[PDB]
Amino acid sequence: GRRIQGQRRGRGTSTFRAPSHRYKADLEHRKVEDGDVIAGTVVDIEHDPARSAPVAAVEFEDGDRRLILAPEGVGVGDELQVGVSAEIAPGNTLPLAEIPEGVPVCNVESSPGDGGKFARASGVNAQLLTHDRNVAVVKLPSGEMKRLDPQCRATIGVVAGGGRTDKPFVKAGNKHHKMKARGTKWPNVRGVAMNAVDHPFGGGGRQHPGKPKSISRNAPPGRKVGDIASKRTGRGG
Amino acid sequence: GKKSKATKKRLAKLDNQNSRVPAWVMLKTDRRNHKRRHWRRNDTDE
Amino acid sequence: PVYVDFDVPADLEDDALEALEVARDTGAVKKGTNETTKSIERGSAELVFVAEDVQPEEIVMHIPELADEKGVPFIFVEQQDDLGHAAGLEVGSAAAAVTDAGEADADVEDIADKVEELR
Amino acid sequence: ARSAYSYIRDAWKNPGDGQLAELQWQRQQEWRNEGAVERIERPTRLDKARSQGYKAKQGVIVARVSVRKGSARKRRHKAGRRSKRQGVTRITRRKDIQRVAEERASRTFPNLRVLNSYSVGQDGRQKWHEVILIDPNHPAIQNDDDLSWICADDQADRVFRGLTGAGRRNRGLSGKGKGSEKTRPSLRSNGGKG
RNA sequence: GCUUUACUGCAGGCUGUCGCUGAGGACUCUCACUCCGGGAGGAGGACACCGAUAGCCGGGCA
RNA sequence: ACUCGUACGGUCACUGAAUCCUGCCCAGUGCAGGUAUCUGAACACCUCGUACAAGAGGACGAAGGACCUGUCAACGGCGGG
RNA sequence: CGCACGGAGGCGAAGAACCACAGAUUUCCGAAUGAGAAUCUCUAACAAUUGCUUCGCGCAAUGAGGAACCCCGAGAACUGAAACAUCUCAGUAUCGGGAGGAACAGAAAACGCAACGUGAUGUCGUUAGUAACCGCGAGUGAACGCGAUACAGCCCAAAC
Ligand SMILES: [Cl-]
Ligand SMILES: [Cl-]
Ligand SMILES: [Cl-]
Ligand SMILES: [K+]
Ligand SMILES: [Mg+2]
Ligand SMILES: [Mg+2]
Ligand SMILES: [Mg+2]
Ligand SMILES: [Mg+2]
Ligand SMILES: [Mg+2]
Ligand SMILES: [Mg+2]
Ligand SMILES: [Mg+2]
Ligand SMILES: [Mg+2]
Ligand SMILES: [Mg+2]
Ligand SMILES: [Mg+2]
Ligand SMILES: [Mg+2]
Ligand SMILES: [Mg+2]
Ligand SMILES: [Mg+2]
Ligand SMILES: [Mg+2]
Ligand SMILES: [Mg+2]
Ligand SMILES: [Mg+2]
Ligand code: NA
Ligand code: NA
Ligand code: NA
Ligand code: NA
Ligand code: NA
Ligand code: NA
Ligand code: NA
Ligand code: NA
Ligand code: NA
Ligand code: NA
Ligand code: NA
Ligand SMILES: [Sr+2]
Ligand SMILES: [Sr+2]
Ligand SMILES: [Sr+2]
Ligand SMILES: [Sr+2]
Ligand SMILES: [Sr+2]
Ligand SMILES: [Sr+2]
Ligand SMILES: [Sr+2]
Ligand SMILES: [Sr+2]
Ligand SMILES: [Sr+2]
Ligand SMILES: [Sr+2]
């Protein structure tokens with residue numbers, strides 16, 4: 001047959017690429033040596049094309065103008081601090097060791113100094129729970145208990161733009177506009193609506209898959225479609 | 001279209017190649033321009 | 001570095017090279033690793049010198065273990081060019097050997113004894 | 001008596017034993033951070049180099065080359081192929097890693113000609129070989145009675161034509177009798193059956 | 001051309017084993033190696049990656 | 001490549017606005033988890049064999065399979081008497 | 001005073017034309033090399049990679065072409081087997097790299113008419129469709145030797 005859509009993706013052609021040239025900034029945490037004496041004033045609140053959530057423009061003491069991942073409540077004029085001895089106020093970035101337990105946190109690092117990996121999407125947050133000299137247990141937005149290094153930096157507060165998922169797209173055109181700002185091919189044609197040559201579920205006189213949908217993990221690209229290594233399917237039971 | 005200096009020289013040559021076989025060559029050889037090119041009927045390069 | 005098991009002090013190295021300079025003008029010296037090795041094997045070597053900046057280390061690697069089973073005393077010099085200048089060459093030398101000293105026999109004997117005390 | 005050279009030789013008979021085991025463990029850390037072809041002032045194996053034709057003279061260059069370990073880096077067939085020709089994984093190349101190393105060295109030095117090469121070890125993913133190259137245009141070599149043969153016009157690109165030592169061995173030309181029916185005088189004259 | 005529990009194979013995935021690979025049937029360490037850090041340094045660590053081989057799955061492809 | 005992206009994400013599929021709803025079946029097939037025991041290759045190891053080798057057998061036993069469980073908005077099924 | 005027999009005119013005994021050898025001139029693009037460009041342009045140029053080095057592009061090298069031949073790598077399928085998978089077509093077609101006027105090979109860790117024998121290597125004739133391979137099917141297929149051609153033997157590493 002012909003290569004399936006998921007295989008065309010990997011080649012990284014224009015249709016599948018993200019409009020990177022239209023993106024604003026790669027929202028990472030600032031680099032401090034030690035001492036904490038790095039603070040800044042919020043100049044503007046901009047829209048970020050990459051994540052459909054707002055981003056805050058901050059001007060630091062040493063003359064550095066950088067866009068930061070905006071938590072909720074952060075406005076123009078507000079002073080944000082980045083470092084070890086930073087104040088435990090929403091919008092400040094300090095390592096997990098210095099942040100008290102039971103406090104909602106965002107833009108958490110995986111490895112110390114990476115700039116932030118977890119809890120970055122609209123309105124989500126990570127929850128810092130247990131402390132130790134070796135481990136800081138953080139509960140990520142998926143409900144997973146992630147054991148991290150207490151030296152991993154994070155920003156206090158929930159991410160801004162909460163409740164975006166609450167309002168329906170209503171029409172196809174609204175989806176179109178959102179998708180044009182992302183690295184995704186849209187609309188989605190069902191495999192079951194294609195020809196046998198194009199997809200494992202293609203063909204037939206009527207529309208239905210040709211085999212069961214639950215495919216093995218060991219399946220090769222071109223065959224790994226439908227329900228990938230499903231532990232279970234359905235709602236009931 | 002916009003022609004470059006070189007393209008202009010080439011078009012110039014093609015126009016010159018389009019002139020007839022002089023009257024005296026007919027008398028010297030005692031009796032055909034095989035490269036007769038029209039602007040509409042024929043096509044040049046580039 | 002891999003063949004070096006002891007560090008020789010700057011003062012002892014100064015003494016050693018000065019003793020080598022008067023060994024070429026009076027007695028006899030062998031210049032170059034091949035000639036130093038044959039000096040140890042034949043037993044004619046009184047004191048053998050080895051440079052520490054030899055790249056590759058293979059060229060000189062064998063001198064310590066060979067000199068130990070032939071009873072020949074050895075001393076490490078930090079630089080290759082200093083050993084070559086001491087032997088009387090325009091070029092450097094990875095290894096040199098004093099094949100029977102001369103008017104330095106007392107000094108060489110002290111250097112041999114100072115090295116054994118330094119393991 | 002034994003030469004100093006014989007001790008470099010004896011050390012290299014077992015590169016995983018003795019002082020050499022420690023030396024290689026150290027050197028390879030620096031080598032892995034080095035390039036594909038690195039010119040070195042002095043050969044790692046003096047005995048082997050001199051034995052192969054090296055001289056501490058002007059116009060004699062040495063270079064360490066790293067080539068990857070393993071079989072062929074082959075692409076799977078994009079058209080109709082019978083089962084016998086459908087392989088990817090078990091296919092190995094006909095030229096050995098030493099020969100690949102020599103060619104990569106000769107490309108880096110377009111003016112020089114390959115004299116010979118030798119192995120200087122390997123780790124888990126790559127092999128290192130040191131290639132002795134010669135300048136056919138330097139008068140220091142043109143007057144050398146032992147090396148001036150390499151200056152001749154027919155010795156141009158000798159490595160790319162298999163005229164090198166590792167070339168001739170890989171071409172199956174070692175044996176003068178039985179087994180070399182399809183190798184001598186050339187693989188091509190014998191219909192590529194060698 | 002297309003399908004599949006047709007025949008035979010080939011990629012790919014999973015898994016054991018050998019090499020890289022080191023010190024003191026479960027374990028400790030650090031020095032290779034990997035990743036994070038601008039750096040200092042941190043995490044991991046003889047595993048993983050990679051090379052080789054073996055068993056299983058394998059119309060994704062011939 | 002996705003990705004100047006991080007689960008309110010994005011990948012892979014099915015169904016196809018709203019409204020009222022979406023029953024029963026896990027035996028087969030698929031996927032997934034488990035597993036006393038059974039089966040399960042090669043290297044190393046043991047026995048036999050060979051002045052060596054081929055080779056024969058053994059011991060150990062990974063994934064996988066047997067076996068057990070979960071799962072149908074997973075492929076599908078919902079009859080005769 | 002070309003092909004090319006015209007008109008006008010000119011050159012040639014100051015020996016032209018014409019031919020041989022040697023030299024002068026030899027635009028621009030082109031490996032194309034200061035940089036860019038559909039043969040042009042912009043403000044001193046071995047660009048790039050190398051060797052030597054007075055460490056300065058100072059001295060050199062490479063690049064690209066050529067009818068096929070040659071050498072080193074990558075390597076099909078139609079086809080044959082009256083199907084087809086091993087096999088065959090075939091190491092062929094085609095592809096990548098490279099030399100020369102020819103290439104390659106070459107002075108035995110050879111042969112093994114087993115010898116009290118031969119004596120570097122190509123190649124030609126033969127050995128022979130022999131030995132050998134092979135769903136032991138279809139097919140595949142040498143060598144030693146011999147008769148010829150031409151003949152040529154040497155240099156390092158190490159010991160000292
Ligand atoms: Cl979306
Ligand atoms: Cl070459
Ligand atoms: Cl004979
Ligand atoms: K075929
Ligand atoms: Mg970012
Ligand atoms: Mg788009
Ligand atoms: Mg659709
Ligand atoms: Mg259709
Ligand atoms: Mg299909
Ligand atoms: Mg339908
Ligand atoms: Mg349907
Ligand atoms: Mg006109
Ligand atoms: Mg030939
Ligand atoms: Mg990195
Ligand atoms: Mg098929
Ligand atoms: Mg130019
Ligand atoms: Mg047929
Ligand atoms: Mg038949
Ligand atoms: Mg054949
Ligand atoms: Mg024979
Ligand atoms: Na026209
Ligand atoms: Na070259
Ligand atoms: Na063969
Ligand atoms: Na068709
Ligand atoms: Na069932
Ligand atoms: Na000319
Ligand atoms: Na040049
Ligand atoms: Na220069
Ligand atoms: Na037929
Ligand atoms: Na057929
Ligand atoms: Na066959
Ligand atoms: Sr990032
Ligand atoms: Sr970064
Ligand atoms: Sr279908
Ligand atoms: Sr249900
Ligand atoms: Sr027209
Ligand atoms: Sr020197
Ligand atoms: Sr060339
Ligand atoms: Sr509905
Ligand atoms: Sr089931
Ligand atoms: Sr002869």
# chains A, B, ... in the order shown; residues from 1 in each chain; ligands from 1

call {"tool": "residues_near_ligand", "arguments": {"ligand": "ligand 32", "cutoff": "9 Å", "atoms": "only C-alpha atoms (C1' of nucleotides) and all ligand atoms", "output": "MDAnalysis selection string"}}
result
(chainID A and resid 26:28 114:117) or (chainID F and resid 3:5)

call {"tool": "write_last_selection", "arguments": {"atoms": "N, CA, C and O atoms (P, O5', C5', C4', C3', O3' and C1' of nucleotides)", "output": "PDB file, in the first residue's frame"}}
result
ATOM      1  N   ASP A  26      10.494  31.363  23.638  1.00  0.00           N
ATOM      2  CA  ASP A  26      10.672  30.053  24.251  1.00  0.00           C
ATOM      3  C   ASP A  26      10.786  30.365  25.745  1.00  0.00           C
ATOM      4  O   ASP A  26      11.873  30.660  26.255  1.00  0.00           O
ATOM      5  N   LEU A  27       9.632  30.320  26.415  1.00  0.00           N
ATOM      6  CA  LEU A  27       9.473  30.647  27.843  1.00  0.00           C
ATOM      7  C   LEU A  27      10.238  29.785  28.834  1.00  0.00           C
ATOM      8  O   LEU A  27       9.729  28.784  29.332  1.00  0.00           O
ATOM      9  N   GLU A  28      11.477  30.182  29.098  1.00  0.00           N
ATOM     10  CA  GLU A  28      12.339  29.474  30.036  1.00  0.00           C
ATOM     11  C   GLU A  28      12.659  30.372  31.226  1.00  0.00           C
ATOM     12  O   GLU A  28      12.549  31.599  31.135  1.00  0.00           O
ATOM     13  N   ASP A 114      16.831  23.396  33.553  1.00  0.00           N
ATOM     14  CA  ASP A 114      16.336  23.179  32.188  1.00  0.00           C
ATOM     15  C   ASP A 114      15.390  24.259  31.667  1.00  0.00           C
ATOM     16  O   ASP A 114      15.074  24.293  30.472  1.00  0.00           O
ATOM     17  N   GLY A 115      14.917  25.102  32.586  1.00  0.00           N
ATOM     18  CA  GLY A 115      14.028  26.199  32.236  1.00  0.00           C
ATOM     19  C   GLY A 115      12.538  25.960  32.384  1.00  0.00           C
ATOM     20  O   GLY A 115      11.756  26.879  32.146  1.00  0.00           O
ATOM     21  N   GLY A 116      12.147  24.748  32.774  1.00  0.00           N
ATOM     22  CA  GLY A 116      10.737  24.424  32.942  1.00  0.00           C
ATOM     23  C   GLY A 116      10.151  23.515  31.877  1.00  0.00           C
ATOM     24  O   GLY A 116      10.215  23.821  30.684  1.00  0.00           O
ATOM     25  N   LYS A 117       9.583  22.390  32.314  1.00  0.00           N
ATOM     26  CA  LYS A 117       8.989  21.403  31.415  1.00  0.00           C
ATOM     27  C   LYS A 117       7.518  21.119  31.704  1.00  0.00           C
ATOM     28  O   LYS A 117       6.688  21.140  30.796  1.00  0.00           O
TER      29      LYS A 117
ATOM     30  P     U F   3       3.763  21.303  17.963  1.00  0.00           P
ATOM     31  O5'   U F   3       5.199  21.967  17.825  1.00  0.00           O
ATOM     32  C5'   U F   3       5.486  23.218  18.465  1.00  0.00           C
ATOM     33  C4'   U F   3       6.924  23.261  18.912  1.00  0.00           C
ATOM     34  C3'   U F   3       7.953  22.987  17.824  1.00  0.00           C
ATOM     35  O3'   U F   3       9.116  23.748  18.088  1.00  0.00           O
ATOM     36  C1'   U F   3       8.247  21.461  19.576  1.00  0.00           C
ATOM     37  P     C F   4       9.172  25.295  17.671  1.00  0.00           P
ATOM     38  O5'   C F   4       8.947  26.051  19.054  1.00  0.00           O
ATOM     39  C5'   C F   4       9.664  25.658  20.241  1.00  0.00           C
ATOM     40  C4'   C F   4       9.649  26.777  21.255  1.00  0.00           C
ATOM     41  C3'   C F   4       8.268  27.332  21.582  1.00  0.00           C
ATOM     42  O3'   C F   4       8.213  27.754  22.931  1.00  0.00           O
ATOM     43  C1'   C F   4       9.601  29.031  20.631  1.00  0.00           C
ATOM     44  P     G F   5       7.687  26.739  24.053  1.00  0.00           P
ATOM     45  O5'   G F   5       6.659  25.788  23.304  1.00  0.00           O
ATOM     46  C5'   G F   5       5.320  26.217  23.021  1.00  0.00           C
ATOM     47  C4'   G F   5       4.425  25.017  22.870  1.00  0.00           C
ATOM     48  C3'   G F   5       4.207  24.208  24.138  1.00  0.00           C
ATOM     49  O3'   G F   5       3.171  24.731  24.955  1.00  0.00           O
ATOM     50  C1'   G F   5       4.843  22.750  22.411  1.00  0.00           C
TER      51        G F   5
END

call {"tool": "residues_around", "arguments": {"residues": "region 34-45 of chain C", "least_positions_apart": "5", "cutoff": "7 Å", "atoms": "only C-alpha atoms (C1' of nucleotides)", "output": "JSON, numbers by chain"}}
result
{"C": [67, 70, 72, 95, 96, 97, 98, 99, 100], "D": [1, 3, 4]}

call {"tool": "write_last_selection", "arguments": {"atoms": "N, CA, C and O atoms", "output": "PDB file, in the first residue's frame"}}
result
ATOM      1  N   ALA C  67      64.906  -1.424  33.906  1.00  0.00           N
ATOM      2  CA  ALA C  67      66.000  -0.945  34.748  1.00  0.00           C
ATOM      3  C   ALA C  67      65.962  -1.560  36.148  1.00  0.00           C
ATOM      4  O   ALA C  67      67.002  -1.682  36.798  1.00  0.00           O
ATOM      5  N   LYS C  70      67.566  -5.100  35.956  1.00  0.00           N
ATOM      6  CA  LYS C  70      68.962  -5.015  35.516  1.00  0.00           C
ATOM      7  C   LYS C  70      69.803  -4.193  36.504  1.00  0.00           C
ATOM      8  O   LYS C  70      70.988  -3.935  36.263  1.00  0.00           O
ATOM      9  N   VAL C  72      69.897  -1.100  37.129  1.00  0.00           N
ATOM     10  CA  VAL C  72      70.273   0.233  36.647  1.00  0.00           C
ATOM     11  C   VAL C  72      69.366   1.325  37.242  1.00  0.00           C
ATOM     12  O   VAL C  72      68.145   1.233  37.140  1.00  0.00           O
ATOM     13  N   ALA C  95      65.009   9.882  26.211  1.00  0.00           N
ATOM     14  CA  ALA C  95      65.812   9.145  27.174  1.00  0.00           C
ATOM     15  C   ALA C  95      67.302   9.242  26.879  1.00  0.00           C
ATOM     16  O   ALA C  95      67.724   9.317  25.721  1.00  0.00           O
ATOM     17  N   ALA C  96      68.088   9.270  27.951  1.00  0.00           N
ATOM     18  CA  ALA C  96      69.542   9.344  27.862  1.00  0.00           C
ATOM     19  C   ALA C  96      70.140   8.396  28.881  1.00  0.00           C
ATOM     20  O   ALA C  96      69.489   8.047  29.865  1.00  0.00           O
ATOM     21  N   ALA C  97      71.367   7.954  28.621  1.00  0.00           N
ATOM     22  CA  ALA C  97      72.060   7.042  29.522  1.00  0.00           C
ATOM     23  C   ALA C  97      73.517   7.419  29.692  1.00  0.00           C
ATOM     24  O   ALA C  97      74.200   7.745  28.717  1.00  0.00           O
ATOM     25  N   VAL C  98      73.979   7.382  30.941  1.00  0.00           N
ATOM     26  CA  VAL C  98      75.373   7.679  31.267  1.00  0.00           C
ATOM     27  C   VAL C  98      76.104   6.334  31.290  1.00  0.00           C
ATOM     28  O   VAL C  98      75.969   5.561  32.241  1.00  0.00           O
ATOM     29  N   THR C  99      76.782   6.015  30.192  1.00  0.00           N
ATOM     30  CA  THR C  99      77.543   4.774  30.104  1.00  0.00           C
ATOM     31  C   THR C  99      78.946   5.072  30.635  1.00  0.00           C
ATOM     32  O   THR C  99      79.802   5.609  29.921  1.00  0.00           O
ATOM     33  N   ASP C 100      79.131   4.782  31.926  1.00  0.00           N
ATOM     34  CA  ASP C 100      80.373   5.025  32.675  1.00  0.00           C
ATOM     35  C   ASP C 100      80.676   6.529  32.742  1.00  0.00           C
ATOM     36  O   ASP C 100      81.057   7.150  31.740  1.00  0.00           O
TER      37      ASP C 100
ATOM     38  N   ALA D   1      71.232  -7.405  20.725  1.00  0.00           N
ATOM     39  CA  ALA D   1      70.229  -7.229  21.823  1.00  0.00           C
ATOM     40  C   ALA D   1      68.900  -6.700  21.283  1.00  0.00           C
ATOM     41  O   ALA D   1      68.813  -6.318  20.108  1.00  0.00           O
ATOM     42  N   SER D   3      65.739  -4.237  20.553  1.00  0.00           N
ATOM     43  CA  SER D   3      65.618  -2.820  20.223  1.00  0.00           C
ATOM     44  C   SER D   3      64.567  -2.224  21.147  1.00  0.00           C
ATOM     45  O   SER D   3      63.791  -2.968  21.756  1.00  0.00           O
ATOM     46  N   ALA D   4      64.539  -0.897  21.263  1.00  0.00           N
ATOM     47  CA  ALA D   4      63.534  -0.232  22.099  1.00  0.00           C
ATOM     48  C   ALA D   4      62.169  -0.423  21.450  1.00  0.00           C
ATOM     49  O   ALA D   4      61.149  -0.562  22.139  1.00  0.00           O
TER      50      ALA D   4
END

call {"tool": "residues_near_ligand", "arguments": {"ligand": "ligand 6", "cutoff": "10 Å", "atoms": "only C-alpha atoms (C1' of nucleotides) and all ligand atoms", "output": "list in words"}}
result
residues 14, 15, 16, 17, 18, 19, 176, 177, 178, 179, 180, 181, 182, 183, 184, 185 and 186 of chain A

call {"tool": "write_last_selection", "arguments": {"atoms": "N, CA, C and O atoms", "output": "mmCIF file, in the first residue's frame"}}
result
data_model
loop_
_atom_site.group_PDB
_atom_site.id
_atom_site.type_symbol
_atom_site.label_atom_id
_atom_site.label_comp_id
_atom_site.auth_asym_id
_atom_site.auth_seq_id
_atom_site.Cartn_x
_atom_site.Cartn_y
_atom_site.Cartn_z
ATOM 1 N N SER A 14 6.193 21.085 5.323
ATOM 2 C CA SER A 14 5.446 22.301 5.651
ATOM 3 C C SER A 14 4.083 22.084 6.288
ATOM 4 O O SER A 14 3.842 22.586 7.381
ATOM 5 N N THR A 15 3.264 21.234 5.670
ATOM 6 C CA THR A 15 1.912 20.927 6.136
ATOM 7 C C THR A 15 1.848 20.443 7.596
ATOM 8 O O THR A 15 0.916 20.783 8.338
ATOM 9 N N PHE A 16 2.888 19.727 8.017
ATOM 10 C CA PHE A 16 2.940 19.160 9.359
ATOM 11 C C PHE A 16 3.728 19.968 10.377
ATOM 12 O O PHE A 16 3.620 19.728 11.584
ATOM 13 N N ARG A 17 4.493 20.942 9.891
ATOM 14 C CA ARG A 17 5.302 21.807 10.748
ATOM 15 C C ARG A 17 4.491 22.902 11.440
ATOM 16 O O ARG A 17 3.423 23.300 10.959
ATOM 17 N N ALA A 18 5.012 23.365 12.577
ATOM 18 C CA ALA A 18 4.416 24.444 13.368
ATOM 19 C C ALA A 18 4.903 25.764 12.769
ATOM 20 O O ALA A 18 6.043 25.839 12.312
ATOM 21 N N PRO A 19 4.054 26.816 12.745
ATOM 22 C CA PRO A 19 4.493 28.096 12.173
ATOM 23 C C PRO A 19 5.452 28.849 13.108
ATOM 24 O O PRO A 19 5.178 29.959 13.551
ATOM 25 N N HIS A 176 -10.428 25.762 12.648
ATOM 26 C CA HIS A 176 -9.529 26.076 11.534
ATOM 27 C C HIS A 176 -8.464 27.093 11.939
ATOM 28 O O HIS A 176 -7.260 26.858 11.761
ATOM 29 N N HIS A 177 -8.936 28.197 12.515
ATOM 30 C CA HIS A 177 -8.095 29.299 12.961
ATOM 31 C C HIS A 177 -7.119 28.926 14.065
ATOM 32 O O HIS A 177 -5.974 29.383 14.051
ATOM 33 N N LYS A 178 -7.549 28.046 14.970
ATOM 34 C CA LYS A 178 -6.687 27.597 16.059
ATOM 35 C C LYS A 178 -5.606 26.677 15.507
ATOM 36 O O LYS A 178 -4.423 26.819 15.844
ATOM 37 N N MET A 179 -6.023 25.785 14.608
ATOM 38 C CA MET A 179 -5.129 24.813 13.998
ATOM 39 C C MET A 179 -4.054 25.379 13.097
ATOM 40 O O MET A 179 -2.966 24.819 13.004
ATOM 41 N N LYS A 180 -4.344 26.536 12.504
ATOM 42 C CA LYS A 180 -3.419 27.248 11.630
ATOM 43 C C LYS A 180 -2.244 27.805 12.464
ATOM 44 O O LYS A 180 -1.174 28.096 11.932
ATOM 45 N N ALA A 181 -2.434 27.879 13.783
ATOM 46 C CA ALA A 181 -1.413 28.383 14.699
ATOM 47 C C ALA A 181 -0.655 27.248 15.387
ATOM 48 O O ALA A 181 0.197 27.495 16.244
ATOM 49 N N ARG A 182 -0.979 26.010 15.012
ATOM 50 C CA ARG A 182 -0.347 24.818 15.583
ATOM 51 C C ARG A 182 0.310 23.930 14.537
ATOM 52 O O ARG A 182 0.121 24.128 13.336
ATOM 53 N N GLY A 183 1.061 22.936 15.013
ATOM 54 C CA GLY A 183 1.727 21.989 14.136
ATOM 55 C C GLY A 183 0.883 20.754 13.945
ATOM 56 O O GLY A 183 1.267 19.664 14.378
ATOM 57 N N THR A 184 -0.275 20.934 13.308
ATOM 58 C CA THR A 184 -1.214 19.840 13.066
ATOM 59 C C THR A 184 -1.934 19.976 11.734
ATOM 60 O O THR A 184 -2.342 21.068 11.343
ATOM 61 N N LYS A 185 -2.105 18.834 11.070
ATOM 62 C CA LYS A 185 -2.838 18.729 9.823
ATOM 63 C C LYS A 185 -4.294 18.538 10.279
ATOM 64 O O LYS A 185 -4.591 17.668 11.117
ATOM 65 N N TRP A 186 -5.171 19.391 9.753
ATOM 66 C CA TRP A 186 -6.597 19.393 10.070
ATOM 67 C C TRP A 186 -7.315 19.788 8.773
ATOM 68 O O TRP A 186 -6.822 20.663 8.050
#

call {"tool": "residues_around", "arguments": {"residues": "residue 60 (chain F)", "least_positions_apart": "2", "cutoff": "12 Å", "atoms": "only C-alpha atoms (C1' of nucleotides)", "output": "PyMOL selection string"}}
result
chain F and resi 44-46+58+62

call {"tool": "residues_near_ligand", "arguments": {"ligand": "ligand 37", "cutoff": "12 Å", "atoms": "only C-alpha atoms (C1' of nucleotides) and all ligand atoms", "output": "JSON, numbers by chain"}}
result
{"C": [32, 51, 53, 54, 55, 79, 80, 81, 82, 83, 84, 85, 89, 90, 91, 92, 93, 94], "D": [41, 42, 56]}

call {"tool": "interface_residues", "arguments": {"of": "chain E", "to": "chain D", "cutoff": "6 Å", "atoms": "only C-alpha atoms (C1' of nucleotides)", "output": "PyMOL selection string"}}
result
chain E and resi 9-10+20+50-51

call {"tool": "residues_near_ligand", "arguments": {"ligand": "ligand 25", "cutoff": "7 Å", "atoms": "only C-alpha atoms (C1' of nucleotides) and all ligand atoms", "output": "VMD selection string"}}
result
chain F and resid 26 to 28

call {"tool": "select_by_dssp", "arguments": {"residues": "chain C", "states": "strand (DSSP E)", "output": "list in words"}}
result
residues 29, 30, 31, 45, 46, 47, 48, 49, 50, 51, 74, 75, 76, 77, 95, 96, 97, 98 and 99 of chain C

call {"tool": "atom_distance", "arguments": {"atom1": "CA of residue 46 (chain D)", "atom2": "CA of residue 100 (chain D)"}}
result
22.3 Å

call {"tool": "residues_around", "arguments": {"residues": "region 51-59 of chain A", "least_positions_apart": "3", "cutoff": "6 Å", "atoms": "only C-alpha atoms (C1' of nucleotides)", "output": "number ranges by chain"}}
result
A: 40-48, 64-70, 122, 161

call {"tool": "decode", "arguments": {"residues": "region 101-113 of chain D", "atoms": "N, CA and C atoms", "output": "short mmCIF file (atom, residue, chain, number, x, y, z; two decimals), in the first residue's frame"}}
result
data_model
loop_
_atom_site.label_atom_id
_atom_site.label_comp_id
_atom_site.auth_asym_id
_atom_site.auth_seq_id
_atom_site.Cartn_x
_atom_site.Cartn_y
_atom_site.Cartn_z
N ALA D 101 39.13 3.86 6.38
CA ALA D 101 39.93 4.82 7.14
C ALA D 101 41.01 5.48 6.31
N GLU D 102 41.65 4.68 5.46
CA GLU D 102 42.71 5.13 4.57
C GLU D 102 42.21 6.09 3.50
N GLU D 103 41.01 5.81 2.99
CA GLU D 103 40.40 6.64 1.96
C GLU D 103 39.98 7.99 2.52
N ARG D 104 39.41 7.99 3.73
CA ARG D 104 38.98 9.22 4.41
C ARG D 104 40.15 10.13 4.73
N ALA D 105 41.30 9.51 5.01
CA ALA D 105 42.54 10.22 5.31
C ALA D 105 43.07 10.86 4.04
N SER D 106 43.10 10.09 2.96
CA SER D 106 43.58 10.56 1.66
C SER D 106 42.74 11.70 1.07
N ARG D 107 41.46 11.78 1.44
CA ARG D 107 40.56 12.83 0.96
C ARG D 107 40.87 14.13 1.68
N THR D 108 41.16 14.02 2.97
CA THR D 108 41.50 15.16 3.83
C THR D 108 42.82 15.81 3.36
N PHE D 109 43.67 14.99 2.75
CA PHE D 109 44.97 15.42 2.25
C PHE D 109 45.07 15.12 0.73
N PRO D 110 44.35 15.90 -0.12
CA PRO D 110 44.38 15.67 -1.58
C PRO D 110 45.72 15.62 -2.31
N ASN D 111 46.74 16.24 -1.74
CA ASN D 111 48.07 16.28 -2.36
C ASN D 111 48.94 15.09 -2.01
N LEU D 112 48.69 14.52 -0.83
CA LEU D 112 49.46 13.38 -0.32
C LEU D 112 48.95 12.03 -0.81
N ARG D 113 49.81 11.01 -0.70
CA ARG D 113 49.49 9.65 -1.13
C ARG D 113 49.66 8.70 0.05
#
